[PDB]
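Counting starts at 1 for both ligands and their atoms, in listed order. Quick note on labels: first sequence line is chain A, next is B, and so on, each numbered from 1. The figures here come from the full heavy-atom set of this structure, side chains too, leaving out hydrogens, waters and symmetry mates.
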Amino acid sequence: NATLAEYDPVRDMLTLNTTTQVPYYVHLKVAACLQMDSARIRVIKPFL
Amino acid sequence: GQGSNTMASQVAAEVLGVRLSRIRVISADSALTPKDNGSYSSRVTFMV
Amino acid sequence: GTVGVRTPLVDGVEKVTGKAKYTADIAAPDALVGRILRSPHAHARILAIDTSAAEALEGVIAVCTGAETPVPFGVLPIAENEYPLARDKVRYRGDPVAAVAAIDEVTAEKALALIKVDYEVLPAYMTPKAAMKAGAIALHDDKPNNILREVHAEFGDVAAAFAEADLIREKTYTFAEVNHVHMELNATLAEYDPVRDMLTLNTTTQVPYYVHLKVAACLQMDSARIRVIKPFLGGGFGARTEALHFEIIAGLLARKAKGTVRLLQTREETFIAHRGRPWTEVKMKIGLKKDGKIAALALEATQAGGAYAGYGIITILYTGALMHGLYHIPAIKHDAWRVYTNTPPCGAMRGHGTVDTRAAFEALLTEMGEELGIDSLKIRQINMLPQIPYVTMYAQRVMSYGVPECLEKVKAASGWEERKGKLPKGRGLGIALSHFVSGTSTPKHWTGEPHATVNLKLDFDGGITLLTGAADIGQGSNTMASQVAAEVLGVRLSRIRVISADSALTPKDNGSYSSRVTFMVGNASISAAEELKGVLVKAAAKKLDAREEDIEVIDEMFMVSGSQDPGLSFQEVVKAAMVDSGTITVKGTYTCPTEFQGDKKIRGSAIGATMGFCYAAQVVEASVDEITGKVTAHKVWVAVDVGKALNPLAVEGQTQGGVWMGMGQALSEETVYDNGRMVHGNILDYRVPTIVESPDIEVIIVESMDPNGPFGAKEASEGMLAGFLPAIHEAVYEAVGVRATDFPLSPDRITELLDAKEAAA
Amino acid sequence: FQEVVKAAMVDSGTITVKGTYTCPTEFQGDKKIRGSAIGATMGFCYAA
Amino acid sequence: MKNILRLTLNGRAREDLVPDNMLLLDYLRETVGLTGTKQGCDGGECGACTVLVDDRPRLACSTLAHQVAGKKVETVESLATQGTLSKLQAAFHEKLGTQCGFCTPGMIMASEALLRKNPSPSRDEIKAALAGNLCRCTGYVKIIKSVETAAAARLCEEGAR
Amino acid sequence: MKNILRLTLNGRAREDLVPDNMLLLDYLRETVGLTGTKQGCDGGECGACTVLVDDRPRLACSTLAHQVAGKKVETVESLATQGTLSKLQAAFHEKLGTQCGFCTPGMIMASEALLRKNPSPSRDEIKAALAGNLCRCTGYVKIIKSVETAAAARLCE
Amino acid sequence: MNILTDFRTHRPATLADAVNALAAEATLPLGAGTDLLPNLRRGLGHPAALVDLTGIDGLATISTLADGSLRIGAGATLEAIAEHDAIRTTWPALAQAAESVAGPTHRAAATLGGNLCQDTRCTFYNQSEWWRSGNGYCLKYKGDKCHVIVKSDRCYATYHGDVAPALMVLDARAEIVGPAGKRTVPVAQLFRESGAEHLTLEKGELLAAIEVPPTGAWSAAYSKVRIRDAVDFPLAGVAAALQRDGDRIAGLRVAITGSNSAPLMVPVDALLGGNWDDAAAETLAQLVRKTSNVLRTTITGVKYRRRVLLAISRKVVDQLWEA
Ligand SMILES: Cc1cc2nc3c(=O)[nH]c(=O)nc-3n(C[C@H](O)[C@H](O)[C@H](O)COP(=O)(O)OP(=O)(O)OC[C@H]3O[C@@H](n4cnc5c(N)ncnc54)[C@H](O)[C@@H]3O)c2cc1C
Ligand code: PCD
Ligand code: SF4
Ligand code: FES
Ligand code: FES
Ligand code: FES
Ligand code: FES
């Protein structure tokens with residue numbers, strides 16, 4: 001398991017590359033758990 | 001690893017009558033690809 | 001709102017942190033080093049070529065020659081005469097003859113030396129007059145007299161118009177050839193996948209679409225097997241608005257090596273690629289009335305165009321096309337010759353083809369107005385287009401014109417009235433007007449496609465992705481497109497992620513040339529945002545139980561017009577809009593109306609035809625040291641009609657850059673060849689101005705509000721370059737009393753003028 | 001295919017299409033049975 | 001031949017086997033992989049490769065990597081604090097002292113050296129410090145404004161401003 | 001402490017200052033940047049980090065980088081010729097001896113070492129050589145087919 | 001990666017160590033490399049080794065001697081020299097010349113020794129390996145013909161160093177160290193008017209320091225001409241030192257650069273005792289013209305370079321006289 005998280009403080013945007021089969025769910029839970037608007041989050045599943 | 005990128009290419013090429021090689025699949029990047037519910041319960045081949 | 005707001009470019013953060021990856025910064029561990037064997041002769045036939053010793057060198061993976069590149073290329077479909085690698089003959093020193101891909105630089109360098117080439121040296125011609133001499137060997141067989149294209153046109157009765165003039169003068173002006181000197185060196189990273197026979201390129205281009213076409217045609221590879229990506233680009237200013245040989249060679253080598261090849265270029269090789277502004281001789285003849293009104297104009301322009309066609313035909317047409325649309329001129333005669341020479345091919349450079357004739361026209365008008373006792377700023381005000389709209393004799397349709405305000409603005413800002421003609425000994429003030437198109441309204445390739453296409457995507461997350469094939473080359477197109485789409489949607493700039501110039505993902509765009517991007521991609525972007533806004537308004541209306549016409553979008557809120565209730569947040573509307581829909585994808589397009597594409601019965605009138613012009617008026621204050629002859633530009637006051645400044649911060653920077661590149665051509669830049677050999681191949685002897693002598697430049701924005709531009713906008717990057725030359729020319733005359741006729745006005749030319757004026761009188 | 005693509009670009013430019021799929025309500029279990037959505041599917045893979 | 005090179009780069013100790021003939025520019029771009037430092041010319045003419053060596057500007061393309069042994073070297077990648085821009089970087093971005101962005105790393109490093117040595121430079125002093133840094137996009141006007149804005153933002157309150 | 005390490009890696013001479021306590025796995029993935037070699041466990045249990053040292057298989061996660069001084073080291077990145085797959089790689093791809101692909105680099109390196117030492121391995125010999133390499137996707141069936149196909153293709157080269 | 005020969009880079013801690021390293025073949029001294037590296041990158045030289053002098057302790061020290069003389073180690077940077085308060089108040093021409101060199105970034109590391117010993121320049125020489133091999137190289141390096149003066153009796157590449165002329169009118173001395181030992185010569189003698197052997201340093205020799213004597217009744221200045229206001233080498237450079245008695249020229253020293261294969265003193269005794277007037281200025285101009293030998297080794301023309309050389313010679317003496 002692994003997650004690469006890139007937070008851009010200038011723009012307050014977050015980009016994740018993570019070991020998931022469900023990037024949509026990760027997108028939802030990261031937004032809700034960080035109380036961060038989903039439009040500021042980008043989730044990418046690279047090779048898994 | 002199950003082959004959904006191949007599966008999607010195959011069925012789309014079949015309908016279009018083109019060769020597999022004419023299709024470039026871009027997948028699982030929220031800024032570019034349409035949301036998918038996830039690779040669980042073997043829903044991918046059937047629905048996607 | 002986002003439009004009209006001073007906005008840092010959306011990709012600025014990556015530039016100041018060094019995170020922006022330009023072509024040469026892209027990691028590719030498996031990359032072979034590519035190198036090109038260039039011709040040491042200016043003109044010669046290739047008799048034989050032997051690559052066997054190079055091919056046998058350990059570490060050499062591939063070696064190619066012209067035998068493998070049987071298809072020529074040219075930016076214009078009607079004139080493709082350049083081969084990626086030379087076949088039969090070379091036509092300038094630097095002309096590519098062979099190329100190699102090796103494991104490292106030292107090996108690639110050894111490989112080049114091992115290639116044996118037998119040449120039959122031919123006579124080389126440096127000037128138009130020499131290349132045109134009877135008996136001169138033809139660079140290209142289809143043009144026996146080395147004249148690529150001649151233009152001969154007349155508008156109105158010129159002879160009659162001149163007979164009606166009270167004062168007629170003519171003068172000849174010469175302009176050195178200049179180079180773009182974009183700071184990033186040319187480079188291409190070519191990745192060939194032999195398992196699938198696919199090629200992917202990252203390259204230093206302003207026109208990834210053209211590269212896509214030329215690589216497919218030149219390698220005889222289906223375009224569907226090629227992917228072109230423009231990463232961050234370190235400028236271009238015209239240099240990269242044509243597919244360049246090293247990009248094609250990189251792909252050729254990658255395929256031959258069955259792998260990846262990184263082809264870097266030195267600064268000298270970047271100067272060799274050239275495609276800059278041609279050396280130009282301009283004969284200017286102007287007829288005026290005693291009151292200052294223009295009666296007639298006759299001009300001749302000869303350009304030394306280098307060794308291959310390229311943009312030549314278009315460039316030579318431009319020498320006359322923009323003699324129209326600025327001043328009302330009763331009759332115009334235009335003669336011009338584009339001549340092949342054994343030097344690097346010339347091409348498009350900021351203000352493409354209109355700079356030199358514009359400078360010549362402005363200088364003469366000013367000189368004549370002095371003989372008539374009319375103030376140089378006044379004589380321009382006197383000749384402005386009488387009414388708007390104005391259809392020029394060239395068939396251009398001017399629907400917006402801010403020249404009146406531009407002149408009044410720079411007149412006031414520079415304190416022209418109280419200072420012109422009343423400055424200390426050695427100082428002067430000059431005025432000039434210039435303008436340029438907001439995109440050539442006719443694509444180079446007639447595919448019947450819209451002139452710009454923008455796609456938008458909006459999914460459950462609420463982030464809007466804007467996909468455009470447009471190339472942001474530092475001018476800000478990624479920001480421009482974001483701004484106009486956000487304005488239409490009533491959202492914040494930050495809600496838009498722009499994905500650009502990657503053929504596998506973004507809609508094709510014709511390229512960042514002729515200042516077509518803001519006008520066309522801005523309109524296309526507006527159009528796409530309207531499509532999306534409509535989808536969202538429908539969902540909001542349904543959820544608010546209101547009529548769609550009643551919905552207003554303000555700061556990401558959808559509400560019923562004039563209601564006391566604030567409404568739905570953007571995210572609630574997105575949620576509603578997803579129902580029965582899922583991911584929303586819309587397409588927006590823009591196409592120039594036929595009426596703005598010139599006159600069909602005037603072949604070539606498409607060049608110079610546009611939706612509208614950016615106009616610029618500038619006053620330059622300079623001083624001259626008579627001991628050294630050096631001219632110093634202290635300040636420039638410049639007012640530019642850009643229709644509507646979408647981003648005033650960018651308009652200012654674009655205008656300063658354009659005026660400054662003109663100052664470089666006016667005072668210190670010039671290429672120099674010695675029997676075919678480049679002498680200026682470095683940035684020490686090719687004098688790009690440093691920050692020390694560079695003038696301060698104050699920008700005044702004028703908004704004539706064009707009826708067809710995005711939010712009323714026109715271009716804002718080329719129309720102001722040309723005016724600096726005549727303006728400082730006038731300032732030098734007031735400062736020391738000499739009239740330069742040759743640019744640049746470097747110290748050597750000024751002291752010669754000072755010595756002659758002192759020999760006489 | 002390339003000649004058709006060329007023809008298709010006229011008056012159109014880039015083509016982008018959207019395809020979707022949704023399971024009919026009848027395959028989503030029985031509304032009056034608790035949690036019957038779990039186990040409800042469009043079809044089963046069978047193995048011997 | 002390769003020999004040991006010890007230095008502090010962007011705040012971190014480095015101890016590498018480096019070719020005696022390696023330019024600092026190539027060591028940075030290829031050995032450490034820091035691509036922010038650019039190559040804009042064939043040698044010493046443009047300043048795109050400017051980095052800091054013990055607080056002073058140095059052309060990485062005209063410096064052998066081995067000549068900076070035991071010194072403190074900084075590239076454009078070291079200026080931000082994690083993802084937060086320094087005042088100098090924010091000013092170049094906000095005032096548009098950067099367009100294509102290619103000359104920017106070098107221009108910002110020369111600006112950083114100036115501001116560390118002369119906290120409140122005059123307009124002529126800014127020009128003099130950036131004299132060897134070529135930019136083709138800006139006409140330089142907004143680069144000068146960017147440096148003045150950065151200087152004020154960093155400048156001390158208890159002194160003349 | 002760092003000390004000089006000289007070896008041949010994927011056909012190229014390396015001369016680097018490497019920490020005495022650095023594992024070959026980390027030297028490869030972090031110092032040289034070759035990410036093909038994977039880490040699938042906490043120490044010697046899965047073979048995902050298998051690479052070649054003088055033609056023989058070696059677990060990069062349980063080998064100090066300094067122990068391979070002067071040897072010839074090869075990772076999955078070295079098998080192809082520029083972009084053209086080796087017969088063994090083409091076989092894994094074509095026979096589907098690879099699904100998610102995570103165990104593949106290690107599986108292929110162990111297979112390569114087998115095929116260099118025993119050009120025509122029996123099915124039992126293939127299993128014996130790949131005994132320490134764990135795969136969770138394939139059930140191993142097509143991995144064995146892949147190796148048999150590569151062996152035959154390398155014989156009638 | 002930028003190609004350079006596979007040379008060894010020696011980093012001596014002392015002059016003796018540097019001198020010993022320079023004994024080997026094809027071994028070159030190295031200062032900050034602002035002149036040498038661009039040259040080596042273009043293929044102008046194929047050294048087996050470079051001897052870095054920037055690591056020699058104390059080689060960059062600047063100090064004022066017992067007798068009020070200035071002592072500058074060869075490793076001192078042009079920036080340190082241009083900013084040194086004592087130099088700026090007492091030997092301003094030196095600070096002026098140093099500051100006029102290249103750009104600020106080059107000056108931050110460029111050394112005094114490297115500036116004086118910089119190579120001569122020519123448009124057939126400062127070009128790439130591809131450009132030069134294509135043209136048959138030339139007499140200065142790998143060929144046998146001079147393309148500027150076809151007679152080819154010698155290389156005519158021009159010396160464009162800015163500091164040399166200033167040190168020359170200030171009567172500075174050059175301290176040289178080599179295998180034979182230490183020796184000192186007037187700075188003007190460090191140069192030879194020959195494009196391809198422009199320095200009088202012998203195998204194994206290094207310029208170790210420069211010493212400038214107290215100025216006494218002399219005032220000096222340096223003036224340089226270039227098209228851009230920074231970076232450019234001098235198209236012409238003139239340094240002058242003056243001693244004024246009432247309204248007569250008691251002492252005059254004039255040195256030129258950017259004009260010959262060496263920076264040179266101009267014989268001006270004919271002006272001693274005279275006044276400084278239009279007639280005298282004209283005699284200077286012609287004296288300067290005679291000594292100068294402006295040739296087309298530059299992209300800029302000879303006519304202009306000669307015209308401003310003469311013009312600024314007047315200008316700089318005039319500036320001194322009217323001070
Ligand atoms: C774009 C550009 C513009 C320039 N503009 C100018 C200018 O306007 N004026 C000017 O004068 N120069 C100019 N230069 C030249 C150079 O930058 C400066 O002359 C400078 O002072 C070089 O000193 P350095 O320490 O870098 O020497 P290096 O480059 O290290 O050495 C130059 C030469 O001196 C020899 N050398 C070095 N130190 C010693 C020593 N102690 N004893 C004996 N030999 C030694 C070297 O072997 C070599 O041949 C320019 C260079 C470039 C690339
Ligand atoms: N009204 C208006 C207009 C404009 N804008 C802005 O500005 C810009 C620009 O625009 P335009 O003008 O439209 O343009 P485009 O088309 O976009 O682009 C292109 C151009 O761009 C310019 N600029 C620049 N910048 C930089 N930085 N770089 C460059 O390179 C350049 N180049 C130049 C040129 S030369 Mo050609 O090519 O000769 O034809 S053409 C050209 C944009 O983006 C924005 O930011 C605004 O805002 N507004
Ligand atoms: S002056 Fe002559 S010999 Fe000297 S470098 Fe120039 S061409 Fe070569
Ligand atoms: S890359 Fe141009 S000075 Fe270093
Ligand atoms: S911002 Fe483009 S070269 Fe400076
Ligand atoms: S990572 Fe599992 S054995 Fe090495
Ligand atoms: S293919 Fe997935 S673990 Fe082996």
Proximal ligand 2 atoms for [X], defined as those under 4.0 Å from one of its heavy atoms:
X      : answer
C/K644 : 1 (N), 2 (C), 48 (N)
C/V642 : 1 (N)
C/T241 : 37 (O)
C/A716 : 3 (C), 4 (C), 12 (O)
C/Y513 : 39 (O), 40 (S)
C/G474 : 26 (C), 27 (N)
C/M349 : 38 (O)
C/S514 : 39 (O), 40 (S)

Within-cut-off N or O pair, [X] and ligand 2, under 3.5 Å:
X      : value
C/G236 : yes
C/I473 : yes
C/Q483 : no
C/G235 : no
E/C137 : no
C/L9   : no

C/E715 versus C/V437: any side-chain heavy-atom pair under 4.5 Å?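 No. Closest side-chain heavy atoms not under 4.5 Å.
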[X] side chain vs [Y] backbone, donor-acceptor pair below 3.5 Å:
X      : Y      : result
E/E94  : C/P8   : no
C/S434 : C/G719 : yes
C/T354 : C/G351 : yes

Who gets closest to [atom] by heavy atom: [options]?
atom                    : options                        : value
atom 6 (C) of ligand 2  : C/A650, C/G4, C/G719           : C/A650
atom 16 (O) of ligand 2 : C/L646, C/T440, C/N647, C/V517 : C/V517
atom 46 (C) of ligand 2 : C/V640, C/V521, C/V651, C/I701 : C/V651

Counting only heavy atoms, which portion of [X] has something under 4.0 Å from ligand 2: side chain, backbone, both, or neither?
X      : result
C/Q475 : both
C/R516 : backbone
C/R350 : both
C/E718 : side chain

Tell me: protein heavy atom nearest [atom], and distance?
atom                    : value
atom 2 (Fe) of ligand 4 : E/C46 SG, 2.2 Å
atom 1 (S) of ligand 6  : F/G40 N, 3.3 Å
atom 20 (C) of ligand 2 : C/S717 OG, 3.7 Å
atom 25 (N) of ligand 2 : C/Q654 NE2, 3.1 Å
atom 37 (O) of ligand 2 : C/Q206 NE2, 3.0 Å
atom 2 (C) of ligand 2  : C/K714 O, 3.5 Å

Looking at C/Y513, C/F237, C/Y311, C/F436, which one forms a ring-ring contact (aromatic ring centres under 6.0 Å, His included) with C/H352? C/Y311
Charged N-O contact under 4.0 Å between [X] and [Y]:
X      : Y      : result
C/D685 : C/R687 : yes
G/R42  : C/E268 : no
E/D42  : G/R41  : no

Looking only at heavy atoms of C/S512, does any of them come nearer than 4.0 Å to an atom of ligand 2? yes
With a 4.0 Å cut-off on heavy atoms, does C/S477 reach ligand 2? yes
How about E/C49: does one of its N, O or S atoms come closer than 2.8 Å to atom 4 (Fe) of ligand 4?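 Checking E/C49: at least one N, O or S atom is under 2.8 Å.
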Any N/O/S atom, side chain or main chain, of E/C41 closer to atom 4 (Fe) of ligand 4 than 2.8 Å?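 No, E/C41 does not qualify, because none of its backbone or side-chain N, O or S atoms lies under 2.8 Å.
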[X] side chain to [Y] side chain, donor-acceptor N/O pair below 3.5 angstrom:
X      : Y      : result
C/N510 : C/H451 : no
C/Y22  : E/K38  : no
C/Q654 : C/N647 : no
C/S717 : C/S515 : yes
C/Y318 : C/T440 : yes

Salt bridge (charged side-chain N to carboxylate O under 4.0 Å, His left out) between E/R29 and C/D25, intermediate numbers included: CA-CA 8 Å; E/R29 291 188 53 88; C/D25 304 328; 2.7 Å; yes
Of all the atoms in ligand 4, which lie at a distance below 4.0 Å from a heavy atom belonging to E/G44?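 Matching atoms, with element in brackets: 3 (S).
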